Amino acid sequence: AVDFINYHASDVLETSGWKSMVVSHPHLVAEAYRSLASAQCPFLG
Amino acid sequence: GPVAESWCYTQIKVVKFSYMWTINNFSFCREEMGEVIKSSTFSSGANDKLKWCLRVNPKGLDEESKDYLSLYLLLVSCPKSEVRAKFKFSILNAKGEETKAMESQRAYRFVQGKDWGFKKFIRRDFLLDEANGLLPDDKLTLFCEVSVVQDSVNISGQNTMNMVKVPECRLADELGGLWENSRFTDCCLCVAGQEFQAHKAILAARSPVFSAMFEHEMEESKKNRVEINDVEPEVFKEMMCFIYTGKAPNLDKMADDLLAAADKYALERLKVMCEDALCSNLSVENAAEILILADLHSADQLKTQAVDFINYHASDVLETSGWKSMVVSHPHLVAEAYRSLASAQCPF
Amino acid sequence: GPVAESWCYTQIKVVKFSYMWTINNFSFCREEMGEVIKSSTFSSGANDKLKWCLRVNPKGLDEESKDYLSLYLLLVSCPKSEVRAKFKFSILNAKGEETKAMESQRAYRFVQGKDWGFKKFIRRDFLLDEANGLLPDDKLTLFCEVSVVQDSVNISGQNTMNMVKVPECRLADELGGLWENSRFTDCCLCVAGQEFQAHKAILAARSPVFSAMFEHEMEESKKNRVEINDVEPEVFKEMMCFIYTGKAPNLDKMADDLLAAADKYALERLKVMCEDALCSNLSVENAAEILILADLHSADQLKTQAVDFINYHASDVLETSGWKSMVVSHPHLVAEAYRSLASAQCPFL
Numbered sequence: 321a322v323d324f325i326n327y328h329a330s331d332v333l334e335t336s337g338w339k340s341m342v343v344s345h346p347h348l349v350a351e352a353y354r355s356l357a358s359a360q361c362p363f364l365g
Numbered sequence: 016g017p018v019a020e021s022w023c024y025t026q027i028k029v030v031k032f033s034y035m036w037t038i039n040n041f042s043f044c045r046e047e048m049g050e051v052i053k054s055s056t057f058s059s060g061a062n063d064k065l066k067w068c069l070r071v072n073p074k075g076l077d078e079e080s081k082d083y084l085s086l087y088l089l090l091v092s093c094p095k096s097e098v099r100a101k102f103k104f105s106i107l108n109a110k111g112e113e114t115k116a117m118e119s120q121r122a123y124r125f126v127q128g129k130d131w132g133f134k135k136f137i138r139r140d141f142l143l144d145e146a147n148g149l150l151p152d153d154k155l156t157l158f159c160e161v162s163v164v165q166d167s168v169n170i171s172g173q174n175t176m177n178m179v180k181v182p183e184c185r186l187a188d189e190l191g192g193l194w195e196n197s198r199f200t201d202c203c204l205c206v207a208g209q210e211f212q213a214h215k216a217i218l219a220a221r222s223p224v225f226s227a228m229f230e231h232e233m234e235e236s237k238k239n240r241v242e243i244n245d246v247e248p249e250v251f252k253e254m255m256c257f258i259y260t261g262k263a264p265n266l267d268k269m270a271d272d273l274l275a276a277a278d279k280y281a282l283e284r285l286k287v288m289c290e291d292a293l294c295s296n297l298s299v300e301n302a303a304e305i306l307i308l309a310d311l312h313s314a315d316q317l318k319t320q321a322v323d324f325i326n327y328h329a330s331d332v333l334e335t336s337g338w339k340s341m342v343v344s345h346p347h348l349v350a351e352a353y354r355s356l357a358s359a360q361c362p363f
Numbered sequence: 016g017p018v019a020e021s022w023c024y025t026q027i028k029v030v031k032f033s034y035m036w037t038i039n040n041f042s043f044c045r046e047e048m049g050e051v052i053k054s055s056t057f058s059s060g061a062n063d064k065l066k067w068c069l070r071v072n073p074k075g076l077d078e079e080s081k082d083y084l085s086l087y088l089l090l091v092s093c094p095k096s097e098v099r100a101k102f103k104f105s106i107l108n109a110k111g112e113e114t115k116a117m118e119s120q121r122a123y124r125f126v127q128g129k130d131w132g133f134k135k136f137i138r139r140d141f142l143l144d145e146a147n148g149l150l151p152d153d154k155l156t157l158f159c160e161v162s163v164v165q166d167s168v169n170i171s172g173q174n175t176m177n178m179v180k181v182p183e184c185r186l187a188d189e190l191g192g193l194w195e196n197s198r199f200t201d202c203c204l205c206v207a208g209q210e211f212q213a214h215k216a217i218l219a220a221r222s223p224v225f226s227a228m229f230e231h232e233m234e235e236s237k238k239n240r241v242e243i244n245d246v247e248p249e250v251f252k253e254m255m256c257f258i259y260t261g262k263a264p265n266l267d268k269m270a271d272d273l274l275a276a277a278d279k280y281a282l283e284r285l286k287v288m289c290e291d292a293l294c295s296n297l298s299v300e301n302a303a304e305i306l307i308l309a310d311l312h313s314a315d316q317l318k319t320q321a322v323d324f325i326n327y328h329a330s331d332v333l334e335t336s337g338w339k340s341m342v343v344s345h346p347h348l349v350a351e352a353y354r355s356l357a358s359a360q361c362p363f364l
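Chains as they are written, first to last, in the deposited numbering: chain N, 321 to 365; chain D, 16 to 363; chain M, 16 to 364.
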């Protein structure tokens with residue numbers, strides 16, 4: 321699910337569930353950021 | 016060294032763009048001779064209406080250039096009629112150094128949709144050979160620089176002549192004389208018990224917060240004495256020396272609390288200067304703290320640069336304990352970092 | 016690797032299929048040359064709309080091949096117009112490592128119904144030899160790898176541009192606005208009936224003359240109703256604007272009286288600026304009154320420049336009536352002009 325959200329982040333962030341997990345489960349989005357940044361990149365700049 | 020009655024100065028204006036073109040899986044060139052791979056339009060801040068682009072022909076423009084990759088520069092957008100400029104191309108090797116860097120001797124004239132480049136740029140075999148290192152990880156790293164000349168301007172700074180002088184601007188220094196000598200102030204403030212004296216006019220003129228404090232509910236009853244019990248005097252005096260003199264010497268040493276004081280008292284220029292001091296001290300071990308401060312004290316440019324720095328150096332900021340603290344205390348900051356990183360890593 | 020101010024990233028997207036193809040009891044090909052044994056259609060996850068299949072002739076497709084195995088790849092459905100790809104075939108041996116791998120160097124195009132392949136893929140006797148073991152238990156295993164190139168895409172990001180721009184020092188602008196808005200005023204000046212209003216600290220700092228009648232315990236009496244009778248109100252307002260702002264906008268048109276007010280009020284910046292304004296007004300007829308005013312208001316640079324101008328242009332100055340007035344009323348001015356003319360710009364004769 322984390323990888324699916326990372327792949328479809330441009331549309332996922334608009335949903336209400338994402339906006340609710342932002343409030344309710346902060347370390348979940350922290351894991352999302354970690355697996356988007358640490359598990360990818362460098363991407364030029 | 017002679018002494019000249021007159022001197023003149025002719026300066027020709029030169030603007031330098033820099034550009035870095037990296038092409039992935041170039042050996043999958045996807046086509047035969049006659050293929051054109053263009054780049055994105057690029058420009059700098061000035062004047063930002065001069066748009067340039069690259070056009071590479073991997074096989075070659077013509078039958079003479081079959082074993083020659085050709086590299087051309089094309090000016091797509093230009094407001095004026097003519098632009099005279101001189102270009103230099105290079106390729107970064109696996110270490111990253113420039114190789115086969117050839118320049119143009121001339122400043123060619125460019126117009127809307129005119130291209131000038133090297134057809135005979137580099138041998139196809141010399142590029143394709145792995146031992147040269149010129150295709151590291153099948154990635155073609157061009158790097159181009161263009162210098163555009165403009166019409167020159169003459170200063171005509173004829174010296175001597177009128178010998179009357181202007182006595183600079185002592186306003187700031189003699190305003191600091193109202194602070195150091197203290198020169199018969201009008202109100203007494205108080206910094207956690209310590210005594211400071213200040214006027215009212217300068218504080219009101221340069222501080223809307225101080226003016227709103229001073230005129231409403233204060234000029235009738237407590238006009239003389241006010242107590243600022245939220246900032247330390249070691250930075251409050253620096254704040255009151257920025258207020259008087261229009262400049263702060265000891266700013267970079269104590270910019271951590273001076274930003275908070277400046278944002279508390281709405282001092283926009285002092286706030287931006289504190290943002291500059293903190294932005295110039297960005298580091299991976301404290302970037303979470305910097306972002307915490309820049310969101311707490313409503314800074315915008317400092318917060319934006321901290322966000323960008325964390326995006327750049329997210330490899331090791333994660334290990335630092337400060338990021339863990341910002342995760343546990345300010346989730347929305349991490350969410351905004353994810354949001355910015357989403358646009359950063361958008362196509363993947 | 017130096018730092019670049021801007022960059023681009025050309026990304027030609029490539030996907031890779033991986034496919035296996037096992038035929039049981041291959042020696043029972045059951046038929047002669049020309050025959051074709053298609054494989055089940057296969058794809059990958061994305062885009063999954065491109066459908067590929069393998070077509071093998073166990074005997075020769077052509078009269079030139081005959082004792083040859085021939086392998087083709089065929090695209091049966093394409094959502095796009097054409098798709099470019101590179102393919103590599105291999106026959107798996109008894110252990111399972113890839114043997115006899117032949118690939119196409121070019122990125123061939125493909126439409127629906129067009130096939131590309133190797134007719135001269137592998138010698139039939141080489142395949143049917145048991146010692147090399149390319150046919151274990153009468154099983155033929157083909158491993159085919161297909162790489163499709165897509166469109167290029169460019170990301171166009173700019174590197175480190177700005178450090179944080181600082182707003183300009185607005186002390187002069189805000190102090191001029193403080194003079195205009197007259198906020199928390201502490202004093203009321205008088206000029207020819209006009210009652211201006213201004214502060215105390217800034218005035219007593221900029222002008223020692225105001226400090227003289229401000230510091231001598233004359234606050235309750237004189238700060239409230241301080242009287243000035245010399246300067247006309249417009250020139251006085253311009254002088255107050257110079258005090259508060261440090262700027263004199265319309266200095267050029269009032270160079271005389273503004274110099275007079277500056278000399279009265281010991282402003283040793285507006286005074287010299289008025290001197291500068293008067294210096295670039297030195298015609299052959301008004302230099303006499305320029306010298307008179309400079310002498311009266313004790314200006315140095317202006318007086319010296321006017322004396323030099325008179326020594327230069329005396330051929331008309333003595334004819335003009337102003338010099339005669341100077342001769343009549345100001346003997347010391349003519350004496351000082353003679354003293355400058357004495358040991359300068361004439362001692363050759």
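Here a beta-carbon is modelled for each residue, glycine too, at the ideal position from N, C-alpha and C.
Buried or exposed: where does residue i fall if 16 or more other Cβ atoms within 10 Å of its Cβ makes it buried?
i                     : result
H214 (chain M)        : buried
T175 (chain M)        : exposed
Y353 (chain D)        : buried
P73 (chain M)         : buried
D144 (chain D)        : exposed
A146 (chain M)        : exposed
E253 (chain M)        : buried
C159 (chain M)        : buried
residue 364 (chain D) : This structure cannot settle anything about residue 364 (chain D), because the visible part of chain D is limited to 16 through 363.
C203 (chain D)        : exposed
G128 (chain D)        : exposed
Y327 (chain M)        : exposed
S85 (chain D)         : buried
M178 (chain D)        : exposed
Let me know the secondary structure DSSP gives residue i once reduced to three states.
i              : result
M341 (chain N) : helix
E47 (chain D)  : coil
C294 (chain D) : helix
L155 (chain M) : strand
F141 (chain M) : helix
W22 (chain M)  : strand
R221 (chain D) : helix
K318 (chain D) : helix
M228 (chain M) : coil
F199 (chain D) : coil
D267 (chain D) : coil
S336 (chain M) : helix
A352 (chain D) : helix
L364 (chain N) : coil
Under 7 Å Cβ-Cβ, which residues of chain D neighbour residue i?
i              : result
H214 (chain M) : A216
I27 (chain M)  : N39, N40, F43, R45
Run down chain N in chain order and give the residues with a C-beta less than 9 Å from the C-beta of residue i.
i              : result
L149 (chain D) : Correct list: empty, because the minimum Cβ distance to chain N is about 19 Å.
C361 (chain D) : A329, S330
Please list, in chain order, the chain M residues whose beta carbon lies closer than 9 Å to that of residue i.
i              : result
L364 (chain N) : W22, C23, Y24, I170, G172, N174
Since residue i meets chain D, which of its residues come closer than 9 Å, beta carbon to beta carbon?
i              : result
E235 (chain M) : Residues of chain D passing the Cβ test: none, with the nearest at roughly 14 Å.
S358 (chain N) : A329, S330, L333
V164 (chain M) : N40, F43, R45
Kindly examine the ligand FMN and report whether one of its heavy atoms sits closer than 8 Å to the Cβ of residue i.
i             : result
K28 (chain M) : Of ligands this structure carries none, so the ligand FMN is not represented either.
Run through chain D and tell me which residues come within less than 8 Å of residue i, C-beta to C-beta.
i              : result
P182 (chain M) : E283, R284, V287
#### Entry: Contact set between the region 334-352 of chain D and chain N, restricted to residues whose Cβ is under 7 Å from the partner
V342, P346, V349, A350, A352
### Query
Of the residues that make up the region 117-143 of chain D, which ones have a beta carbon closer than 9 Å to any beta carbon in chain N?
none
### Task
Taking a Cβ distance cut-off of 9 Å, strictly less, list which residues of the region 188-202 of chain M are near chain D, in chain order.
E189, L190, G192, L193, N196, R198, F199, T200, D201
### Task
Give the residues from the region 298-329 of chain M that approach chain D closer than 7 Å (Cβ to any Cβ), ordered along the chain.
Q316
### Cβ-based contacts, 7 Å cut-off: residues of the region 236-266 of chain D near chain M
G261
### Task
Write down every uninterrupted run of the beta strand (DSSP E) in the region 66-110 of chain D whose length is 3 residues or greater and which is fully enclosed by it, in chain order.
66-72, 83-92, 98-107
### Task
Name, going along the chain, the residues of the region 272-289 of chain D whose beta-carbon falls closer than 9 Å to a beta-carbon of chain N.
none
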